[PDB]
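Here the structure is laid out as structure tokens; the discussion comes afterwards.
There are 2 protein chains.
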Amino acid sequence: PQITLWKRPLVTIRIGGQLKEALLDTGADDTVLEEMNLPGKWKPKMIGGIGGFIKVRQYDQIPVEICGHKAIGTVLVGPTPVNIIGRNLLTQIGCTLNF
Amino acid sequence: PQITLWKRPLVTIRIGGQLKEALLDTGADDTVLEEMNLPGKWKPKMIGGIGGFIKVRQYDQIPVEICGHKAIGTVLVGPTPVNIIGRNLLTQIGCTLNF
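Residue numbers (the authors' numbering), protein chains in the order written: chain B, 1 to 99; chain A, 1 to 99.
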């Protein structure tokens, strides 16, 4: 599909057997999801942006479907205010910016 | 252009007569640049990101050229980790996401 940018580019994803709303974010290196109790091994990580850093849990090899397009990779879980799909998964679904 | 996302979508912009590098950021409502001088009046504002809230200077109706495409709009200046072009200007240059 083609997503315009008049509003926040929010789409539906499926992760860990849940459907969620998430923001397609070309400015994010990584995918960061709001607090959820995913099974699996994880390691601590700190990620930054405007305002500073937050502590997150890094889970690897997690299947994530984005508007019906399958992806699998690293997901970060922590106290982000919005679910963010970053470049690590956007590349896997063949997402481009176009103008 | 069509810009893929295997690398950060960094582009050259011209603003206040000076060249800068900025990230095309679909996850940002607003355009936020690192500390620099811009001509004209500004208003104090606060914005939020993944780490919390910061204080910025809001400059209205600022011309910005982004990869040769012209925008004129709001530019916030403050302690962002990287220069970001947000949706307020991405829409002006006709940018969409496609997959």
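All C-beta atoms in this analysis are idealised placements derived from N, C-alpha and C, irrespective of residue type, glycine included.
Open item on the list: Let's see if you can read the secondary structure: which residues bound the beta strand (DSSP E) around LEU89(B)?
Closed with: No beta strand (DSSP E) holds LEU89(B); the alpha helix (DSSP H) holding it covers 87-90.
- prompt: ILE72(B): buried (16+ other C-beta within 10 angstroms of its C-beta) or exposed?
  reply: Under this definition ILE72(B) is an exposed residue.
Beta-carbon separation (whole angstroms), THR4(A) vs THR31(A), contact threshold 8 Å = About 22 Å separates the CB atoms of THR4(A) and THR31(A); that is not less than 8 Å, and the two are not in contact.
Inset, instruction - Starting from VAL64(A), find everything on chain B with Cβ-Cβ shorter than 7 Å and list it in chain order. - result: Here the premise fails: no neighbours, minimum Cβ distance about 14 Å.
Distance, Cα to Cα, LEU76(A) vs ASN37(A)?
-> C-alpha separation (whole angstroms): 11 Å.
Under 8 Å between C-beta atoms, does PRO44(B) make it to chain A? Cβ-Cβ to chain A under 8 Å: no for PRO44(B).
For this session: Would you mind telling me which residues of chain A sit closer than 7 Å to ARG87(B), beta carbon to beta carbon, in chain order?
Result: Correct list: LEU5.
request  = Could you tell me the distance, in whole angstroms, from the CA atom of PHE53(B) to the CA atom of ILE15(A)?
outcome  = Note on geometry: alpha-carbon atoms of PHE53(B) and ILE15(A) lie some 29 Å from one another.
Closest residue to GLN61(A) among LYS41(A), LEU24(A), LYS55(A) (Cα-Cα distance): Comparing alpha carbon positions, the residue from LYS41(A), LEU24(A), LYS55(A) closest to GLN61(A) is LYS41(A).
Margin query: Tell me the rounded alpha-carbon separation between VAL64(B) and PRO39(A).
Written below: Using only the alpha carbons, I get a separation of about 46 Å.
_Between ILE50(A), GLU21(A), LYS20(A), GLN2(A), which has its C-alpha nearest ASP25(B)'s C-alpha?_
If we check each option's Cα against that of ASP25(B), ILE50(A) comes out closest.
Q: Would you mind giving the Cβ-Cβ distance between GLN2(A) and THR96(B), rounded to the nearest angstrom? I have them listed as a contact below 8 Å.
A: Correct: roughly 5 Å between the Cβ atoms.
Check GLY49(A) in the structure and name its three-state DSSP category.
The three-state reading of DSSP puts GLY49(A) in strand, counting E and B together.
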